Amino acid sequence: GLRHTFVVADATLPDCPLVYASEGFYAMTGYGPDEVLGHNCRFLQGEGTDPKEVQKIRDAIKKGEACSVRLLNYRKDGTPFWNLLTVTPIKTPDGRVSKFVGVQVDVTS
């Protein structure tokens, strides 16, 4: 259907580093795995990113809730694009969040 990208962040480490990304994610951002794995997703943010929206994801992750926000992101080459991002918490049977999964859609239309 729509062209989306998928990533997995590890919530067992304190700053939710990305541990897996689909091919589309590298193709869309221009970054390779050597610059994506082990890092927090926020490197895709830049000057025009709305901090009110960034705030919503920071809070949702801290509370372990799903969240869906519209962010201005930037490719490796500096060019911007509109990222419709949905984060989902993945809990273990004991309620603890283990991973956050993210679906990212380039909605620049």
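Numbers follow the displayed sequence, beginning with 1.
Annotation for 51 to 59 versus 78 to 86: the higher mean temperature factor (C-alpha) is found in 51 to 59. Note on 20 to 28 vs 93 to 101: mean CA B-factor is higher in 93 to 101.
When the CA B factors of the chain's modelled residues are split into thirds, the value for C41 lands in the lowest one. Per the PDB record, residue ranking by Cα B-factor puts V7 in the middle third of the chain.
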